[PDB]
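Please treat every number below as a calculation from the coordinates, not as lab data. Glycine gets a Cβ as well: all are built from the backbone with ideal geometry, and neighbour counts include every protein chain shown.
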Amino acid sequence: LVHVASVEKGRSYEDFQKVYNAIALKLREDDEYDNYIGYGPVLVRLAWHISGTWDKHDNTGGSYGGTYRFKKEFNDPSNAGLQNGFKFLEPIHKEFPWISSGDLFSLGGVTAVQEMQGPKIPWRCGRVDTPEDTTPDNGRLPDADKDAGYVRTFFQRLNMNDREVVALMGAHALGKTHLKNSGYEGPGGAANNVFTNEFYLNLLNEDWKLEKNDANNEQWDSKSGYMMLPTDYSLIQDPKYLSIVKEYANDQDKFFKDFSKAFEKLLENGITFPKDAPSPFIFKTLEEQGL
Ligand code: HEM
């Protein structure tokens, strides 16, 4: 099963920087969402969920086909809450109807990371919408109540190794769990709409207690009001993951560079780029443009 990137007809870097900027300006404007967290975190989770359905064995799933727009995937229990991200991006799609759905959802996550002061994430265009019957079945996104061996095995299906898994999980410094969406409640730190390495610092430095929440699920909670999923906490229970947690807690730049590479890879899994494809784009932030 081969998915070849096909650039939206006649488009180039400037076109996609315009779409970036529209997303970024709306991120700035719609600041009230989720008790003033803003839409940045949910856009990052949307880009990950539309990509995290990929299966390396048969190239099903993945960001290419934009299939989150179809009911079966939109209504996956694992995707509860991401409707808010889709609705955010709808007026953007209306203004730029030429962009593919996969390109929009993945660009929304790149834009959110960068606007939240995260690393630059190179991004490539050319995902092509595919029909409803190419939508992957529910059940391909991971469970949160599991341990390190589950996490490790899960991510082999996405061709991610230990370092890439630990780097990607640093996105859990962003946003929060919502009890009605996932049966978990609370944020993982204090700066949860700024992209930093706080997730690793908090795993190492907080005093975590294993508690039950109001949905009767266990999670790790700290007296500062932070929380970790069981799969988050597994990163300090496993000695291989713990080493990498310590590395990223002690080196902000290294985390940013490893995250950028793993996140681009996540967003590009499944896609074949022609040798003649444009090189990846690195968008300027609004701040860098004086906008
Ligand atoms: C073992 C792997 C993972 C599990 C089990 C997991 C699970 C969760 C759960 C249960 C939530 C809460 C959803 C809610 O209640 O609204 C969450 C939120 C989130 N996840 Fe993950 N996740 C994983 C990996 C990742 C990855 C790889 C990324 C991106 C790189 C990511 C980004 C996020 C973001 C940014 C949020 C906050 C969303 C919000 O505030 O609306 N997750 N995740």
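In the range 142-262, the inverse of the mean reciprocal separation of distinct Cα atoms equals 14.4 Å; this is its Kirkwood hydrodynamic radius.
For the chain, a crude dipole built from +1 on the beta carbon of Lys and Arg and -1 on the beta carbon of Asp and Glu, taken about the Cα centre, is about 560 debye to the nearest 20. Three principal axis extents describe the C-alpha atoms of the range 26-129; from largest down they are 40, 30, 26 Å. When +1 charges are put on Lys and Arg Cβ atoms and -1 charges on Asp and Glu Cβ atoms, the dipole computed for the range 142-262 relative to its Cα centre reaches about 280 debye. Taking the Cα centre of the range 1-127 as reference, the dipole from Cβ charges on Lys and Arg (+1) and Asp and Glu (-1) amounts to some 340 debye. Counted by Cβ distance under 10 Å from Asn213, the other residues give a net charge of -4, where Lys and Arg count +1 and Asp and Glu count -1. Of the peptides 65-76, 33-44, 232-243, the order by per-residue mean of other Cβ atoms within 10 Å, starting with the highest, comes out as 33-44, 65-76, 232-243.
All C-alpha to C-alpha distances of the range 108-212, sorted into 5 Å bins beginning at zero, yield P(r) values of 2, 9, 14, 19, 22, 18, 10, 3, 2, 0 percent in whole numbers.
At 4 °C and a viscosity of 1.567 mPa s, what translational diffusion coefficient does Stokes-Einstein give for the chain, taking Rh as the Kirkwood radius over Cα pairs? Give it in µm²/s as a whole number. It comes out at roughly 67 µm²/s. Each label point was placed 7 Å from the Cα along the Cα-to-Cβ direction; for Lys212 and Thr134 their separation is 4.6 nm. Beyond 27 Å in Cα-Cα separation lie the following of the pairs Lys9/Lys94; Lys176/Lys261; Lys240/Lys275; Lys223/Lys254: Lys240/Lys275; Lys223/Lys254.
Taking 25 °C and 0.890 mPa s as the conditions, I'd like the Stokes-Einstein D for the range 1-76 in µm²/s, using the Kirkwood hydrodynamic radius from alpha carbon pairs. Calculated translational D: 166 µm²/s.
A simple rule links phi to the HN-Hα coupling: the Karplus curve 6.51 cos²θ - 1.76 cosθ + 1.60 with θ = phi - 60°, which for the range 275-282 gives 4, 8, 4, x, 5, x, 8, 10 Hz, with x for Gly and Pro.
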